[PDB]
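Next comes coords_33.cif, a file with mmCIF, C-alpha atoms and all ligand atoms.
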```cif
data_my_file
loop_
_atom_site.label_atom_id
_atom_site.label_comp_id
_atom_site.auth_asym_id
_atom_site.auth_seq_id
_atom_site.Cartn_x
_atom_site.Cartn_y
_atom_site.Cartn_z
CA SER A 1 104.76 127.45 91.45
CA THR A 2 102.13 124.89 92.48
CA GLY A 3 101.37 122.54 95.35
CA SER A 4 99.32 119.36 95.70
CA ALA A 5 98.46 117.61 98.96
CA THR A 6 96.18 114.72 99.86
CA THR A 7 93.41 115.36 102.39
CA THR A 8 92.10 112.43 104.44
CA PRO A 9 88.89 112.01 106.45
CA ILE A 10 89.53 111.90 110.18
CA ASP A 11 86.97 109.13 110.79
CA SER A 12 84.48 106.83 109.08
CA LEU A 13 81.84 109.59 108.86
CA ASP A 14 83.97 112.24 107.11
CA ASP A 15 83.50 114.50 110.15
CA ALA A 16 86.47 116.54 108.94
CA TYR A 17 89.50 116.23 106.68
CA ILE A 18 93.19 116.58 107.58
CA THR A 19 96.06 117.59 105.30
CA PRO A 20 99.75 117.32 106.25
CA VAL A 21 101.57 120.65 106.49
CA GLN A 22 105.31 121.16 107.00
CA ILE A 23 106.19 123.95 109.45
CA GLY A 24 109.67 125.14 110.36
CA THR A 25 113.26 124.03 109.81
CA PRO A 26 113.79 121.10 110.09
CA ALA A 27 110.19 120.45 109.07
CA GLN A 28 107.60 119.63 111.71
CA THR A 29 104.64 117.96 110.00
CA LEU A 30 101.23 118.70 111.52
CA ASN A 31 97.87 117.50 110.20
CA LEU A 32 95.70 120.57 109.73
CA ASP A 33 92.02 121.10 108.96
CA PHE A 34 91.93 123.26 105.82
CA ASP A 35 89.06 125.69 106.45
CA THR A 36 87.72 127.90 103.64
CA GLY A 37 85.44 129.50 106.25
CA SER A 38 88.16 131.11 108.37
CA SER A 39 91.47 132.90 107.92
CA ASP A 40 93.86 131.90 110.74
CA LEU A 41 96.57 129.25 110.53
CA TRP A 42 96.80 128.05 114.12
CA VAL A 43 98.44 125.00 115.67
CA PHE A 44 98.69 123.01 118.84
CA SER A 45 102.11 123.85 120.19
CA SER A 46 104.64 123.59 123.01
CA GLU A 47 102.82 126.64 124.44
CA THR A 48 99.39 124.98 124.61
CA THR A 49 98.06 124.45 128.14
CA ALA A 50 99.12 120.88 128.88
CA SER A 51 95.69 119.79 130.16
CA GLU A 52 94.21 120.84 126.79
CA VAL A 53 96.50 118.63 124.67
CA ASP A 54 95.36 115.01 124.23
CA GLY A 55 97.20 113.19 121.46
CA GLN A 56 97.77 116.03 118.99
CA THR A 57 101.13 116.64 117.36
CA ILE A 58 102.55 119.96 118.53
CA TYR A 59 104.63 122.65 116.84
CA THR A 60 107.68 123.60 118.93
CA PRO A 61 109.01 126.94 117.62
CA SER A 62 112.17 126.71 119.73
CA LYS A 63 113.22 123.71 117.61
CA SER A 64 112.81 125.61 114.32
CA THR A 65 115.78 127.64 113.13
CA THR A 66 113.47 129.77 110.94
CA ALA A 67 110.85 130.57 113.58
CA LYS A 68 110.67 134.15 114.82
CA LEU A 69 108.34 135.53 117.48
CA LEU A 70 105.99 138.11 115.97
CA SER A 71 106.51 140.45 118.88
CA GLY A 72 103.38 141.70 120.59
CA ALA A 73 100.97 139.79 118.33
CA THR A 74 98.09 137.81 119.77
CA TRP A 75 95.12 136.02 118.28
CA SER A 76 91.77 134.79 119.50
CA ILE A 77 89.04 133.15 117.45
CA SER A 78 85.49 132.03 118.19
CA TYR A 79 84.07 129.81 115.46
CA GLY A 80 80.41 129.68 114.52
CA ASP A 81 80.09 126.18 116.00
CA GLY A 82 80.98 127.42 119.50
CA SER A 83 84.61 126.29 119.54
CA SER A 84 87.49 128.68 120.14
CA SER A 85 91.24 129.05 120.56
CA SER A 86 93.81 131.78 121.23
CA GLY A 87 97.51 132.43 121.68
CA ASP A 88 100.55 134.23 120.29
CA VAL A 89 102.23 134.29 116.90
CA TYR A 90 105.43 133.22 115.16
CA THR A 91 106.47 133.60 111.58
CA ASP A 92 108.00 130.51 109.99
CA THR A 93 108.35 128.61 106.74
CA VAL A 94 105.22 126.66 105.83
CA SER A 95 104.91 124.17 102.98
CA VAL A 96 101.83 122.42 101.64
CA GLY A 97 102.27 119.69 99.05
CA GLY A 98 105.56 121.16 97.83
CA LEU A 99 104.46 124.83 97.80
CA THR A 100 106.47 126.91 100.27
CA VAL A 101 105.71 130.27 101.90
CA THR A 102 108.42 131.95 103.96
CA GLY A 103 107.37 134.29 106.75
CA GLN A 104 103.91 132.79 107.19
CA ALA A 105 102.12 133.73 110.40
CA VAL A 106 101.83 130.53 112.46
CA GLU A 107 99.46 131.18 115.35
CA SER A 108 100.53 129.14 118.37
CA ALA A 109 97.70 128.11 120.66
CA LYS A 110 97.99 128.81 124.34
CA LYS A 111 94.34 127.82 124.90
CA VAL A 112 91.89 125.67 122.93
CA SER A 113 88.28 124.77 123.66
CA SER A 114 87.26 121.25 124.65
CA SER A 115 86.15 120.17 121.18
CA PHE A 116 89.67 120.75 119.86
CA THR A 117 91.25 118.88 122.78
CA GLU A 118 88.89 115.97 122.27
CA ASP A 119 89.81 115.58 118.60
CA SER A 120 93.24 113.97 118.67
CA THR A 121 93.45 113.82 114.86
CA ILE A 122 93.39 117.60 114.21
CA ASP A 123 96.62 119.44 115.05
CA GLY A 124 95.28 122.86 114.03
CA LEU A 125 93.48 124.75 111.29
CA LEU A 126 94.71 126.35 108.07
CA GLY A 127 92.34 129.13 107.07
CA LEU A 128 91.57 129.74 103.40
CA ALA A 129 88.88 132.44 103.58
CA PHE A 130 89.79 136.08 102.94
CA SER A 131 92.54 137.66 105.03
CA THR A 132 90.14 140.38 106.23
CA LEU A 133 88.87 137.77 108.73
CA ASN A 134 92.28 137.03 110.23
CA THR A 135 92.22 137.64 113.99
CA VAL A 136 95.86 138.60 114.70
CA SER A 137 96.16 141.87 116.63
CA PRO A 138 97.46 144.53 116.40
CA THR A 139 98.76 143.68 112.89
CA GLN A 140 96.41 141.49 110.87
CA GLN A 141 98.12 138.64 109.03
CA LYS A 142 97.63 137.03 105.63
CA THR A 143 96.48 133.50 104.91
CA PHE A 144 98.79 130.91 103.38
CA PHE A 145 96.95 131.28 100.05
CA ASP A 146 97.19 135.07 100.09
CA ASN A 147 100.93 134.87 100.77
CA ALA A 148 101.46 132.27 98.02
CA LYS A 149 99.12 133.79 95.45
CA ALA A 150 101.54 135.98 93.51
CA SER A 151 103.99 133.08 93.07
CA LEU A 152 101.38 130.58 91.88
CA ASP A 153 101.04 129.70 88.21
CA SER A 154 97.37 130.73 88.51
CA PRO A 155 95.83 132.47 91.56
CA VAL A 156 93.58 129.57 92.52
CA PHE A 157 93.23 126.60 94.80
CA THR A 158 90.91 123.62 94.41
CA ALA A 159 89.15 121.33 96.85
CA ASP A 160 88.39 117.75 95.78
CA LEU A 161 87.08 116.09 98.93
CA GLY A 162 86.36 112.37 98.94
CA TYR A 163 83.32 110.50 100.21
CA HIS A 164 84.67 108.02 102.75
CA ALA A 165 88.01 108.32 100.94
CA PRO A 166 90.99 110.67 100.57
CA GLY A 167 90.92 113.65 98.24
CA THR A 168 93.14 116.52 97.15
CA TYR A 169 93.88 120.19 97.69
CA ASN A 170 95.74 121.75 94.77
CA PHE A 171 97.30 125.22 94.72
CA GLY A 172 98.06 127.16 91.57
CA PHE A 173 96.55 124.88 88.91
CA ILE A 174 93.31 123.18 87.88
CA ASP A 175 93.69 119.42 87.32
CA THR A 176 91.51 118.87 84.27
CA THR A 177 91.56 115.10 84.88
CA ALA A 178 89.86 115.47 88.27
CA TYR A 179 86.32 116.31 87.14
CA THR A 180 83.79 115.46 84.45
CA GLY A 181 82.10 117.88 82.11
CA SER A 182 82.84 121.58 82.52
CA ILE A 183 83.38 123.85 85.52
CA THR A 184 80.58 126.38 86.08
CA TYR A 185 81.80 129.60 87.65
CA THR A 186 79.62 131.80 89.85
CA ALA A 187 80.07 135.19 91.48
CA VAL A 188 81.47 135.64 94.99
CA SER A 189 80.86 138.37 97.54
CA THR A 190 83.79 138.98 99.87
CA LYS A 191 81.88 141.50 102.00
CA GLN A 192 81.68 139.11 104.99
CA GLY A 193 85.16 137.66 104.37
CA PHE A 194 83.81 134.30 103.11
CA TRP A 195 83.62 132.52 99.76
CA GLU A 196 79.96 133.61 99.64
CA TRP A 197 77.88 132.79 96.56
CA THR A 198 74.25 132.27 95.52
CA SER A 199 72.95 128.85 94.53
CA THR A 200 70.19 128.90 91.92
CA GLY A 201 67.98 126.29 93.61
CA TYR A 202 67.53 122.69 94.59
CA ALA A 203 65.82 119.37 94.01
CA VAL A 204 65.06 116.45 96.33
CA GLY A 205 65.66 113.01 94.85
CA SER A 206 64.05 112.67 91.43
CA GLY A 207 61.79 115.66 92.09
CA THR A 208 61.50 118.78 90.01
CA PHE A 209 64.08 121.51 90.45
CA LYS A 210 62.94 124.55 92.46
CA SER A 211 64.49 127.77 91.15
CA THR A 212 65.24 129.94 94.17
CA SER A 213 68.28 131.97 95.22
CA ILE A 214 70.15 130.54 98.21
CA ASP A 215 73.01 132.70 99.46
CA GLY A 216 75.63 130.77 101.39
CA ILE A 217 79.32 130.08 101.91
CA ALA A 218 81.59 127.37 100.52
CA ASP A 219 83.10 126.08 103.76
CA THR A 220 85.42 123.07 103.80
CA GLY A 221 85.67 123.49 107.60
CA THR A 222 81.99 122.75 108.26
CA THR A 223 80.95 119.08 108.11
CA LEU A 224 77.29 119.34 107.09
CA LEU A 225 75.04 121.24 104.67
CA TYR A 226 73.05 123.97 106.44
CA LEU A 227 70.17 125.46 104.41
CA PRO A 228 66.95 127.37 105.05
CA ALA A 229 64.33 125.56 107.09
CA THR A 230 61.92 125.44 104.13
CA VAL A 231 64.45 123.59 101.96
CA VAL A 232 65.49 121.22 104.75
CA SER A 233 61.87 120.37 105.60
CA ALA A 234 61.17 119.58 101.97
CA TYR A 235 64.14 117.17 101.95
CA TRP A 236 63.34 115.28 105.16
CA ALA A 237 59.64 115.05 104.29
CA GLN A 238 60.73 112.48 101.68
CA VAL A 239 62.21 110.17 104.37
CA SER A 240 59.66 108.09 106.27
CA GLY A 241 60.04 108.67 109.99
CA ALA A 242 62.47 111.59 109.76
CA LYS A 243 61.87 114.39 112.24
CA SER A 244 63.56 117.36 113.80
CA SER A 245 64.64 116.52 117.34
CA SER A 246 65.26 119.39 119.73
CA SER A 247 66.92 117.02 122.20
CA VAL A 248 69.37 115.69 119.61
CA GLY A 249 69.88 119.06 117.91
CA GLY A 250 68.57 118.56 114.39
CA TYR A 251 66.95 116.21 111.95
CA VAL A 252 67.23 112.50 112.65
CA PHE A 253 65.94 109.63 110.56
CA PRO A 254 65.56 105.85 110.91
CA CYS A 255 68.87 104.15 110.28
CA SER A 256 66.93 101.63 108.16
CA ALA A 257 66.12 104.33 105.58
CA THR A 258 67.54 104.73 102.10
CA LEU A 259 68.07 108.49 101.70
CA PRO A 260 67.20 110.43 98.53
CA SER A 261 69.79 112.53 96.78
CA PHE A 262 69.85 116.32 97.02
CA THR A 263 70.69 118.54 94.06
CA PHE A 264 71.86 122.14 94.25
CA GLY A 265 72.16 124.64 91.44
CA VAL A 266 75.28 126.47 90.30
CA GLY A 267 74.07 128.82 87.60
CA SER A 268 72.41 126.58 85.02
CA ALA A 269 74.45 123.58 86.23
CA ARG A 270 73.48 121.02 88.88
CA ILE A 271 75.54 119.21 91.52
CA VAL A 272 73.98 115.98 92.85
CA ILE A 273 74.72 114.88 96.41
CA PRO A 274 74.00 111.12 96.62
CA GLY A 275 71.74 110.07 99.47
CA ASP A 276 74.49 108.09 101.19
CA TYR A 277 76.50 111.30 101.66
CA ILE A 278 73.67 112.59 103.90
CA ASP A 279 73.90 109.71 106.43
CA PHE A 280 75.94 110.61 109.53
CA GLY A 281 75.14 107.41 111.38
CA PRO A 282 73.68 106.59 114.77
CA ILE A 283 73.14 109.52 117.13
CA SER A 284 74.81 107.44 119.84
CA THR A 285 76.49 104.06 119.65
CA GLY A 286 73.96 101.35 118.93
CA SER A 287 71.02 103.67 118.30
CA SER A 288 68.66 103.08 115.38
CA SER A 289 68.17 106.85 115.04
CA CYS A 290 70.65 108.34 112.58
CA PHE A 291 71.79 111.93 112.23
CA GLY A 292 71.07 113.82 109.02
CA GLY A 293 73.70 115.51 106.90
CA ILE A 294 71.34 118.30 105.77
CA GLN A 295 70.30 120.58 108.65
CA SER A 296 68.57 123.90 109.11
CA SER A 297 70.65 127.08 109.11
CA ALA A 298 67.96 128.84 111.15
CA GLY A 299 69.74 130.45 114.05
CA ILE A 300 73.16 130.22 112.43
CA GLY A 301 72.61 133.41 110.44
CA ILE A 302 74.12 132.07 107.21
CA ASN A 303 73.67 129.08 104.92
CA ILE A 304 76.72 126.84 104.80
CA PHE A 305 77.72 124.62 101.87
CA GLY A 306 79.92 122.38 104.03
CA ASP A 307 81.66 119.12 103.24
CA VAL A 308 78.40 117.21 102.51
CA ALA A 309 77.87 119.50 99.51
CA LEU A 310 81.47 120.22 98.53
CA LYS A 311 82.55 116.56 98.45
CA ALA A 312 80.02 115.98 95.65
CA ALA A 313 81.97 118.44 93.43
CA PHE A 314 85.37 119.55 92.22
CA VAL A 315 85.49 123.10 93.61
CA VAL A 316 87.66 125.97 92.34
CA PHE A 317 88.41 128.84 94.72
CA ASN A 318 89.50 131.47 92.19
CA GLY A 319 91.44 134.24 93.90
CA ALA A 320 91.78 136.48 90.89
CA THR A 321 91.29 140.22 91.35
CA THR A 322 87.55 139.58 91.26
CA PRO A 323 87.22 136.22 93.06
CA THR A 324 84.80 133.58 91.82
CA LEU A 325 83.88 129.99 92.66
CA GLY A 326 83.75 127.11 90.19
CA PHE A 327 81.90 123.81 90.56
CA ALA A 328 82.15 120.68 88.42
CA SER A 329 80.72 117.21 88.81
CA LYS A 330 83.23 114.41 89.23
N1 LIG A 401 84.51 126.99 109.19
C1 LIG A 401 84.40 128.34 109.80
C2 LIG A 401 82.97 128.77 109.96
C3 LIG A 401 82.49 129.90 109.32
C4 LIG A 401 81.15 130.25 109.42
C5 LIG A 401 80.28 129.47 110.15
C6 LIG A 401 80.74 128.33 110.79
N2 LIG A 401 79.87 127.45 111.48
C7 LIG A 401 78.71 127.75 112.10
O1 LIG A 401 78.28 128.90 112.22
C8 LIG A 401 77.96 126.59 112.66
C9 LIG A 401 77.04 126.77 113.70
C10 LIG A 401 76.31 125.71 114.19
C11 LIG A 401 76.51 124.47 113.63
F1 LIG A 401 75.78 123.42 114.10
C12 LIG A 401 77.40 124.24 112.62
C13 LIG A 401 78.13 125.32 112.14
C14 LIG A 401 82.09 127.99 110.70
#
```

Please express the file's structure as structure tokens.
Amino acid sequence: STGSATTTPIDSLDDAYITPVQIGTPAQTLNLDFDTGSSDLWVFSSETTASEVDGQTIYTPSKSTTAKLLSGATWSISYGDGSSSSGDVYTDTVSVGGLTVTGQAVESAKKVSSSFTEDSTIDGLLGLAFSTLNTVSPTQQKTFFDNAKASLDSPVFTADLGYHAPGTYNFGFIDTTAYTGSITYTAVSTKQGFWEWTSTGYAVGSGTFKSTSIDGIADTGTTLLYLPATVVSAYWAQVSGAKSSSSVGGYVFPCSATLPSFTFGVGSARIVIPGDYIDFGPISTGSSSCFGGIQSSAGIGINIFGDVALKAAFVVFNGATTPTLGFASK
């Protein structure tokens, strides 16, 4: 089998991407944030504290003839960005772009943190990291990809995120029309439960490439590119007036600037992030200070190849016995 679904930016900045997911019988379609950095499929629901729902579409298990309470199971997740959610668990039929999994754990939120409530466009998350990170207790549950894997034509999914435009998540096949050149594959460590890999270096604009190993995760659920402070300083030093602002929470730059590109290495290959992808717009409405899309990972504890980086590539998440990642230009 295969599946193919379009993923759409939630706003004009590409702050996140939403993909429609069918849950239950008859189907209830929720728009979920596909997150290769976590491993829980959780949804706003009829059980979510009413004061914490503000415009989201909810899953109502009582209206699904295939929903079954997973008795005794609870979940609770705290994401690296400070957001969190928790609740109980149903199993139900879940379909993405025509690919169906029966008996998928659908984690129903009873509580969500304010950042989820405030984002009316995101009805939940669909985790695509390794199932070892799934938070369901006392019986850990599998991700949608892990449940589908054996049925897929090939044990892979691909992320093709757009810049200020829709893109695609494919399951079970590699669309050879979706990228240019060849796909360069690179090794993955699953020891922390992430799609963790090592970039071979970087360049800033037209500058020379610096060969240096940068360990980090391929995370479709993180908006920006978080890299070591040395790398980030070298980037922003090429932008007149850019500075790190403790009051804003990262690097800002004059909105009048034209940003340089940023290149990262995948083996001997190179992915180029155009400068425009690094502009996240005014820090507050009407400001002439703009927020940078490349930020320091100092204090996060891990480097994160988030959407800013991934949207510059066609990315293969290869879930073969030994997982690997593939990157192609597009
Ligand atoms: N998408 C799941 C996932 C996995 C690992 C790390 C994070 N994110 C962070 O740690 C983070 C912290 C501070 C920031 F400003 C931005 C991101 C998220």

For this session: Using all atoms listed in the file, find the one residue out of A:274, A:205, A:250, A:260 that sits nearest to residue A:289.
Result: A:250

Starting from 8 Å padding per side, set up an axis-aligned box that covers all listed atoms of stretch 50-59 of chain A and hand over centre and edge lengths in Å, one decimal, as AutoDock Vina command-line options.
```
--center_x 99.4 --center_y 117.9 --center_z 123.5 --size_x 26.4 --size_y 25.5 --size_z 29.3
```

For this session: Check which residues fall inside 7 Å of ligand LIG 401 (chain A) when counting only C-alpha atoms and all ligand atoms, and print them as a list in words.
Result: residues 35, 36, 37, 38, 79, 80, 81, 219, 220, 221, 222, 300 and 304 of chain A

For this session: Please work out which residues fall within 10 Å of (63.2, 120.2, 106.8), coordinates as given in the file, with only C-alpha atoms counting, and return them as a list in words.
Result: residues 227, 228, 229, 230, 231, 232, 233, 234, 235, 236, 237, 238, 242, 243, 244, 250, 251, 294, 295 and 296 of chain A

Interface rows for stretch 99-156 of chain A against stretch 84-90 of chain A: nearest pair, Å to one decimal, 9 Å, only C-alpha atoms, as JSON lines:
```
{"residue": "A:103", "atom": "CA", "partner": "A:90", "partner_atom": "CA", "distance": 8.7}
{"residue": "A:104", "atom": "CA", "partner": "A:90", "partner_atom": "CA", "distance": 8.1}
{"residue": "A:105", "atom": "CA", "partner": "A:90", "partner_atom": "CA", "distance": 5.8}
{"residue": "A:106", "atom": "CA", "partner": "A:90", "partner_atom": "CA", "distance": 5.2}
{"residue": "A:107", "atom": "CA", "partner": "A:89", "partner_atom": "CA", "distance": 4.4}
{"residue": "A:108", "atom": "CA", "partner": "A:88", "partner_atom": "CA", "distance": 5.4}
{"residue": "A:109", "atom": "CA", "partner": "A:87", "partner_atom": "CA", "distance": 4.4}
{"residue": "A:110", "atom": "CA", "partner": "A:87", "partner_atom": "CA", "distance": 4.5}
{"residue": "A:111", "atom": "CA", "partner": "A:86", "partner_atom": "CA", "distance": 5.4}
{"residue": "A:112", "atom": "CA", "partner": "A:85", "partner_atom": "CA", "distance": 4.2}
{"residue": "A:113", "atom": "CA", "partner": "A:84", "partner_atom": "CA", "distance": 5.3}
{"residue": "A:114", "atom": "CA", "partner": "A:84", "partner_atom": "CA", "distance": 8.7}
{"residue": "A:115", "atom": "CA", "partner": "A:84", "partner_atom": "CA", "distance": 8.7}
{"residue": "A:116", "atom": "CA", "partner": "A:84", "partner_atom": "CA", "distance": 8.2}
{"residue": "A:136", "atom": "CA", "partner": "A:89", "partner_atom": "CA", "distance": 8.0}
```

File of the preceding selection, C-alpha atoms, as a tab-separated table (two decimals), keeping the file's coordinate frame:
```tsv
chain	number	residue	atom	x	y	z
A	103	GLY	CA	107.37	134.29	106.75
A	104	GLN	CA	103.91	132.79	107.19
A	105	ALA	CA	102.12	133.73	110.40
A	106	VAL	CA	101.83	130.53	112.46
A	107	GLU	CA	99.46	131.18	115.35
A	108	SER	CA	100.53	129.14	118.37
A	109	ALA	CA	97.70	128.11	120.66
A	110	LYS	CA	97.99	128.81	124.34
A	111	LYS	CA	94.34	127.82	124.90
A	112	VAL	CA	91.89	125.67	122.93
A	113	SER	CA	88.28	124.77	123.66
A	114	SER	CA	87.26	121.25	124.65
A	115	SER	CA	86.15	120.17	121.18
A	116	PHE	CA	89.67	120.75	119.86
A	136	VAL	CA	95.86	138.60	114.70
```

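Within 8 Å of residue A:157, once all atoms listed in the file are used and residues closer than 6 positions along the same chain are dropped, the contacting residues are residues 145, 169, 170, 171, 172, 173, 174, 316, 317, 318 and 319 of chain A.
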
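The environment of residue A:271 within 8 Å, counting all atoms listed in the file and disregarding residues fewer than 3 places along the same chain, consists of residues 263, 264, 265, 266, 312, 313, 327, 328 and 329 of chain A.
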
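Computed from the coordinates, the atom CA of residue A:279 to atom CA of residue A:200 distance equals 24.3 Å.
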
Problem set entry | Test item: residues at most 9 Å from residue A:34, all atoms listed in the file, excluding those fewer than 6 positions along its chain, as a PyMOL selection string | chain A and resi 7+17-19+41+124-128+169+220-221

Selected residues written out with C-alpha atoms, as a PDB file, keeping the file's coordinate frame:
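Output file again-v2.pdb follows:
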```pdb
ATOM      1  CA  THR A   7      93.410 115.360 102.390  1.00  0.00           C
ATOM      2  CA  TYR A  17      89.500 116.230 106.680  1.00  0.00           C
ATOM      3  CA  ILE A  18      93.190 116.580 107.580  1.00  0.00           C
ATOM      4  CA  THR A  19      96.060 117.590 105.300  1.00  0.00           C
ATOM      5  CA  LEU A  41      96.570 129.250 110.530  1.00  0.00           C
ATOM      6  CA  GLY A 124      95.280 122.860 114.030  1.00  0.00           C
ATOM      7  CA  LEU A 125      93.480 124.750 111.290  1.00  0.00           C
ATOM      8  CA  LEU A 126      94.710 126.350 108.070  1.00  0.00           C
ATOM      9  CA  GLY A 127      92.340 129.130 107.070  1.00  0.00           C
ATOM     10  CA  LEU A 128      91.570 129.740 103.400  1.00  0.00           C
ATOM     11  CA  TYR A 169      93.880 120.190  97.690  1.00  0.00           C
ATOM     12  CA  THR A 220      85.420 123.070 103.800  1.00  0.00           C
ATOM     13  CA  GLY A 221      85.670 123.490 107.600  1.00  0.00           C
TER      14      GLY A 221
END
```

For this session: Taking the point (79.7, 135.6, 92.8) as given in the file, collect each protein or nucleic acid residue that comes within 9 Å of it, counting only C-alpha atoms, and present the set as an MDAnalysis selection string.
Result: chainID A and resid 185:190 195:198 322:325
